[PDB]
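First, one chain by itself: the form deposited in one PDB entry, in structure tokens.
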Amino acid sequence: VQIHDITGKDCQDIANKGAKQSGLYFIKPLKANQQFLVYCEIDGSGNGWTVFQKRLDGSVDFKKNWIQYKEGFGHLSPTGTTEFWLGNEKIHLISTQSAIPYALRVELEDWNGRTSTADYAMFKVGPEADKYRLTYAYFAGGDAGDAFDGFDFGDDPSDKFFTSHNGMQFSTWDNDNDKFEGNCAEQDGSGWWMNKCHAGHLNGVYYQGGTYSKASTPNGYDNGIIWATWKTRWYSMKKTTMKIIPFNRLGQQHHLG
């Protein structure tokens, strides 16, 4: 009732078995030693998304250390109305279990009620040993734009090279892995795949109203929940959702093998 009884490798597997209610389900990906709970989004078209990040009201402090970001934090709820981070370890187990690739959907919401998506095909989070590196093959489309591709903020020509995210390792204030002498995780106060910071950073500080400024932080860090290709760096989203689905769920190709 509070936890549904259908299980599988992920939510798509669960939706396939006939599950049709979004809520909490246990899943045990392939190389997982033990099953764990996850929130599955299931729509009419039989698409079963496994949700791994959710922001919707700034009640959960996203300035957690490495272990926390690894294990997870926040709270799962049958209504999908709580903020959380499933945990790097779990995001890695799910994303790399088989030969079947996943697609990542970033879903964003305005303080004006406007939503936008951004898909990334062939998404994977590497193992801890490689600091949970993020990788995708390509941007599959979406009206939010491909901020993971870096952005030219105008502050420096090398901007796009330094604000891209594909290939970045995960960083937390206590485990810095950015292409920088400083610490993007500590100064922003979050855990993310930081470059010489970021163009899309859904784990930033939640600013009510969306609009924030250089005066909100002592050093004018643009540390809100941003997606530079959709909204300015000084506009923090109302809601974000990061979730994955087997790629096949998403015709001009000839299959050789």
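Residues that one form lacks are left out of the comparison. Residues carry their position along the shown sequence, with the first being 1. So that the term is clear: the rigid core is the largest set of C-alpha atoms that superpose within 1.5 Å between two forms.
Relative to its counterpart among 99-107 and 163-171, 99-107 has the higher mean temperature factor, C-alpha atoms as listed in the PDB entry.
On average the C-alpha atoms of 31-39 have higher B-factors than those of the other stretch, with 49-57 and 31-39 being the two compared. In the PDB entry, the Cα temperature factor peaks, among 148, 84, 136, 180, at 180.
Within the listed group 219, 68, 223, 229, the record reports its top CA B-factor for 219.
The entry lists a Cα temperature factor for residue 204 that places it in the lowest third of the chain's modelled residues. Split the chain's modelled residues into thirds by C-alpha temperature factor. Residue 89 is in the lowest one. When the CA B factors of the chain's modelled residues are split into thirds, the value for residue 248 lands in the highest one. Annotation for residue 24: C-alpha temperature factor in the middle third relative to the rest of the modelled chain, per the entry. Sorting the modelled residues of the chain by their CA temperature factor places residue 186 in the highest third.
One more form of this protein should be noted, the form solved in complex with a partner chain, which is absent from this view; the next part is about it.
Remark: residue 163 counts among the residues lining its partner chain in the deposited bound form, judged by a heavy atom distance of 4.5 Å or less. Using a 4.5 angstroms threshold between heavy atoms, residue 115 stays clear of its partner chain in the deposited bound form. At least one heavy atom of residue 197 is located within 4.5 Å of its partner chain in the deposited bound form. Residue contact check for residue 159: one or more of its heavy atoms lie within 4.5 Å of its partner chain in the deposited bound form.
In this overlay on the rigid core, residue 218 has a C-alpha that sits 2 Å or more away from its partner position between this form and the one not shown. Listed in sequence order, the runs of at least 3 residues with C-alpha movement of 2 Å or more between this form and the one not shown, after fitting the core, amount to a single one: 218-220.
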